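Trainee: Provide a 3D model corresponding to the input given below.
(3 chains, ligands or ions: 4)
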Amino acid sequence: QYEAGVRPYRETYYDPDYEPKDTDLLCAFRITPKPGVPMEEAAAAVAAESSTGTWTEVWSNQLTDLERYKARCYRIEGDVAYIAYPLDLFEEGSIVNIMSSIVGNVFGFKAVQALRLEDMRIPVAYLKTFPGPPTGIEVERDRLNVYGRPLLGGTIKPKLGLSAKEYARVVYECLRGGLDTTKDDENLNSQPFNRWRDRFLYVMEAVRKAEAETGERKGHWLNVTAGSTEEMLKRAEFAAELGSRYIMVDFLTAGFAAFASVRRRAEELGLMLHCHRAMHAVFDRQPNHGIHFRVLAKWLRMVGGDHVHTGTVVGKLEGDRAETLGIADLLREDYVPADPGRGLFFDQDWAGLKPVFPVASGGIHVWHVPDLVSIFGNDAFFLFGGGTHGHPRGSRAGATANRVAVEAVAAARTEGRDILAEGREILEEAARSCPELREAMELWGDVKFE
Amino acid sequence: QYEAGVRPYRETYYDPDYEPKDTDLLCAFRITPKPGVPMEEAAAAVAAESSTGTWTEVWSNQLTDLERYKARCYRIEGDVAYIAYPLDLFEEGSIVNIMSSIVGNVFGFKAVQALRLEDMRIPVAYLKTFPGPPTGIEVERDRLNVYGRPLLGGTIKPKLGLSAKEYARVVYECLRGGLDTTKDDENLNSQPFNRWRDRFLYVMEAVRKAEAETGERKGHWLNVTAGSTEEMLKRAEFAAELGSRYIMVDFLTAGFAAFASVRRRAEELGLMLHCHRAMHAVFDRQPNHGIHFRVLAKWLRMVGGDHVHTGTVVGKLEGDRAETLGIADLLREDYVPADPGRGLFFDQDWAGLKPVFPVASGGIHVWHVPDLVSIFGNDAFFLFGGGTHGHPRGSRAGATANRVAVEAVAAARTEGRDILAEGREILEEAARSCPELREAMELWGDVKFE
Amino acid sequence: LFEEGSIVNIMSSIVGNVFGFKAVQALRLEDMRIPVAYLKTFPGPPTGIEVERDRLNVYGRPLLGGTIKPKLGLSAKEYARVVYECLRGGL
Ligand SMILES: O=C(O)[C@@](O)(COP(=O)(O)O)[C@H](O)[C@H](O)COP(=O)(O)O
Ligand SMILES: O=C(O)[C@@](O)(COP(=O)(O)O)[C@H](O)[C@H](O)COP(=O)(O)O
Ligand SMILES: [Mg+2]
Ligand SMILES: [Mg+2]
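Mentor: Numbering: from 1, shown residues only, chains lettered A, B, ... in the order given. Ligands and ions are numbered 1, 2, ... in the order given. Below you will find the coordinate block:
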């Protein structure tokens, strides 16, 4: 039955009658066809060229049962195509393989001028081949002995240029002042002005000093991001040898294959793994083309990060409130039902994988705390970089202002108060008893991001 | 001199009088500011948040000489911003670090609604920290014993679903019929229907069988892409054990850190490394946002791929001719001068690094050969997947057709003939002696992409 | 011309054979300009002045040292007795 020649993709790969199986992997693509290409043919091309098909009929199609393996577009709602992929198409436990199919080539076809992967339904049968986070929210709270509030953090600034000595000095001032954690900037790895061995040594010394002086458990997210998997693992081992509770990795710039290796070793070493999403905005910013972050967040939890940045909504970087509320649920809950209002196109069963800590960071200061607590609740990290070191009196006073603000708003929420309506009043009440908080509120009162 | 508060980014990070140094890393960004944000401020924000700055002044800025480490926008032409980065900002030999700075966070700022990295000037002093390709064009031509023509390849189809036995049957027919090489699809890793150990074994038996019957050297690009670096290295080692000349990696989905690890091991194993750019169109397609592929090509050559896909221009996937000509030079030449007509914003000295084979693949057939040879010349791989297996008489016949087409056009060019004006005649000439070629021309004569 | 990160290669070229030619009866290498692009292939000191001063907690003065004498002949026990006296005394 081999009939050589080109045929429309929709002949074989558009099936509006197909009923998805619980074992199918489902994708929701927002397709902008080339003018003149019908939506059905465009969605069939995506399905075909992300599973089994190519641009012309091949004699070798007779050597297998394509009906058993082909992906199928089974539903179209406007410019949104739903595609189902049989379980057997994917390599167990490999996000890399998911990407190679779902986003490998289908974004560059002339027939599809724009394409955005909006969401993906990971079947339970496939999730069971992934380990998920190595620590999880509950275990991490026990390790830090911190309950009932968000956790305080902050990126050391300037991003680059500080010696290891001056760098650990800022770390010490922050942790001493009330921050639970501090972190290397995503782009601080090992550079002539600040070599990783020096920084790890100096910083862990500052961590122990602040922990001893405050009586509270502290940590620093030592960035092991490096140019090769071997180098990253070497730095994770040094971090563990020094007694660090945490390491940090840029999981998108380093990449998913190496990220899996680091997550494996982090658990073996007893380290908690903070995951920075550097580069994500290259893929997930534009609504017409790319990969939505909620998909990257799912992949992140599947491989197993202990934290991942989720945006602030109200900070210097872009983030939608509704979509962020849905992403927090994808990271923390056992089961997330579909919700069009939040861009959740599918129900997501997490098959018992551990939850991930959301991390809100980027251009936030005290006045944002009511919003942040309203969005995330207690199970999140709030990071104040400039919002800490930019305090009129320096990092220690800035850390105190942010710690007090967060504890005051978290307490108000637990008391049943409306922290958005009474946000200002909650902060002013705490400011009367805290000069550092007052000075911070005066400094950045006029600083806002739409 | 520390004054707390928010300051304009351009006060420190915009310097239109700065003169770039030969040791500076230079970026060309096409910026779409948030409406109302001046171009100078947007460009300065990109510079500040990709180097040393943040959203508010910090007391710790006094602890280092930011003038020595800060990036600076030194030139703006309309919506293109040129930014210079001092050499000391970057970790030696780490593309991962380059990305963490240059594309880490600056694509997700509210103040910059779209941003595209158009080009990057890698300084010689930083290039000398990278190994480049392990094999290179010249050494590879010696290993295959092929000179004076493009090399023939082809992806096995259907992408997925073939058993290892049937998969190697298609491979043998292609190689027996005239293809120099065949390759696993980017998304074929190890799956229930086709496990990698089986495929590697079956395929290498087919490769040896075709090499003995043809008397020409053959290869198959065995995909080691996997969910972790360790697993990829394990599959590379098995490919070498079997005597394969090649392995293949999806260097963007696997990621740059694991890419470096596989490149290191490939050289140690004596393997040639084909690199598939799966996922590139997610962020190199749209002209308003992302990273142009020419930047990805430079990074690819620095880490050290032996080939990388470059597009076909005339095939099923999008690609501009002028931009592809420049990228081909970037992959193959020792020095590439700037050229506005091709989007080459900077001169690029390659500091003696070995060159990379361009690979043209995707929806091409015999009628495209005149264009392909005209674009790329002899130093390139042309891959015919569907264009081989879709032949009316099967893969071996298709391979003969494509092989005869490429050799006839390559011969015409070496004779001085204008292969674009006489492209059709050159192919009809060969068709009169090659029924396989004639059959292929009739089948796909009416199949064109814009 | 030079292998990255190899002082050994520098010497093999610059001072390998050219000091023993009949045509050049004496030759002295007075200085050498190491270009930045070649320097970036070398790691440099592992500690450095500043880090080392932090490890010893000594600032604002030269540091004191001293070779144990006699050069050779001291037992390990007596050798460490001299060391202790020196360090105890201010070195
Ligand atoms: O480099 C930066 O900008 C930060 O250190 C913030 O510093 P400030 O706290 O001084 O703003 C974080 O990496 C970003 O917030 C990441 O953005 P996201 O969390 O969206 O990935
Ligand atoms: O998956 C595919 O479509 C291919 O196997 C082509 O199959 P055909 O040869 O049957 O078209 C290649 O991976 C693409 O050409 C890659 O695109 P690029 O080279 O632009 O990365
Ligand atoms: Mg940062
Ligand atoms: Mg392919």
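Trainee: For the one residue in chain A that gets nearest to ligand 4, which residues are in contact?
Mentor: Relative to ligand 4, the nearest point of chain A is residue A:105 (6.3 Å; Cβ to the ion). For every residue, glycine as well, the C-beta is placed using N, CA and C. Residue A:105 makes contact with A:49-50, B:186, B:278, B:281, B:317, B:362 under the criterion Cβ atoms under 8 Å, 6 or more residues apart in numbering or on different chains.
Trainee: Pull up the gap between residue A:34 and residue B:362, please.
Mentor: 16 Å (Cβ to Cβ, to the nearest Å).
Trainee: neighbour-wise, which of the two wins?
Mentor: residue B:362 (28 against 15; other Cβ atoms under 10 Å in any protein chain shown).
Trainee: The more buried one and residue B:314 touch, don't they?
Mentor: No: between residue B:362 and residue B:314 there is no contact under Cβ atoms under 8 Å: 9.7 Å.
Trainee: where does chain A come near ligand 3, residue by residue?
Mentor: With Cβ under 5 Å from the ion as the criterion, chain A meets ligand 3 at residues A:155, A:185-186.
Trainee: Any chance of CSV for these, columns neighbour count?
Mentor: Below are the residues of chain A next to ligand 3 laid out as CSV (neighbours: other Cβ atoms under 10 Å in any protein chain shown):
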residue, neighbour count
A:155, 24
A:185, 23
A:186, 26
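Trainee: Number of residues surrounding the residue of chain A at minimum distance from ligand 2?
Mentor: Nearest residue of chain A to ligand 2, counting by Cβ to the nearest ligand atom: residue A:54, 3.6 Å away. Residues lying near residue A:54 (other Cβ under 10 Å) number 23.
Trainee: wait, what's in contact with it?
Mentor: Counting by Cβ under 8 Å, 6+ apart, residue A:54 has contacts A:48, B:155, B:157-159, B:363, B:385-386, B:390.
Trainee: Now for the closest residue in space to residue A:219 that isn't next to it in sequence, how many residues are close by?
Mentor: Leaving aside its sequence neighbours, residue A:219 sits nearest to residue A:245 (Cβ to Cβ, 6 or more residues apart in numbering or on different chains; 4.1 Å). Residues lying near residue A:245 (other Cβ under 10 Å) number 23.
Trainee: Got phi/psi on residue A:245?
Mentor: For residue A:245, the backbone dihedrals are phi -80, psi -20 (criterion: degrees, to the nearest 10).
Trainee: list the contacts for the residue in the stretch 1-150 of chain A that ligand 3 sits nearest to?
Mentor: The nearest approach of the stretch 1-150 of chain A to ligand 3 comes at residue A:150, 18.7 Å away (Cβ to the ion). Applying Cβ under 8 Å, 6+ apart to residue A:150 gives the contacts A:372-373, A:376-382, A:406, A:410.
Trainee: What of residue A:354?
Mentor: Residue A:354 neighbours (Cβ under 8 Å, 6+ apart): A:132-137, A:139, A:304.
Trainee: Which one (most neighbours) among those residues?
Mentor: Neighbour counts for the contacts of residue A:354 were taken using other Cβ under 10 Å; the highest belongs to residue A:133, with 29 neighbours.
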